[PDB]
Amino acid sequence: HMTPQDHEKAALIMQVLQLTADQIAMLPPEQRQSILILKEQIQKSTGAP
């Protein structure tokens, strides 16, 4: 069960996202981290275990 810290990884991108945790707060946990997943795409690399 992906720790809550990992799910809070979106918060790091939350600021850059809209710049409001309140907006992201309205997002679910199964989606919050989603930002991290999408964020990874922006990085452009693809190479995870």
# chains A, B, ... in the order shown; residues from 1 in each chain; ligands from 1

$ select_by_dssp --residues "chain A" --states "alpha helix (DSSP H)" --output "number ranges by chain"
A: 4-7, 9-17, 21-25, 29-32, 34-43

$ residues_around --residues "stretch 22-24 of chain A" --least-positions-apart "4" --cutoff "12 Å" --atoms "only C-alpha atoms" --output "ChimeraX atom specification"
/A:7-18,28-35

$ atom_distance --atom1 "atom CA of residue A:26" --atom2 "atom CA of residue A:40"
21.8 Å

$ atom_distance --atom1 "atom CA of residue A:37" --atom2 "atom CA of residue A:6"
10.9 Å
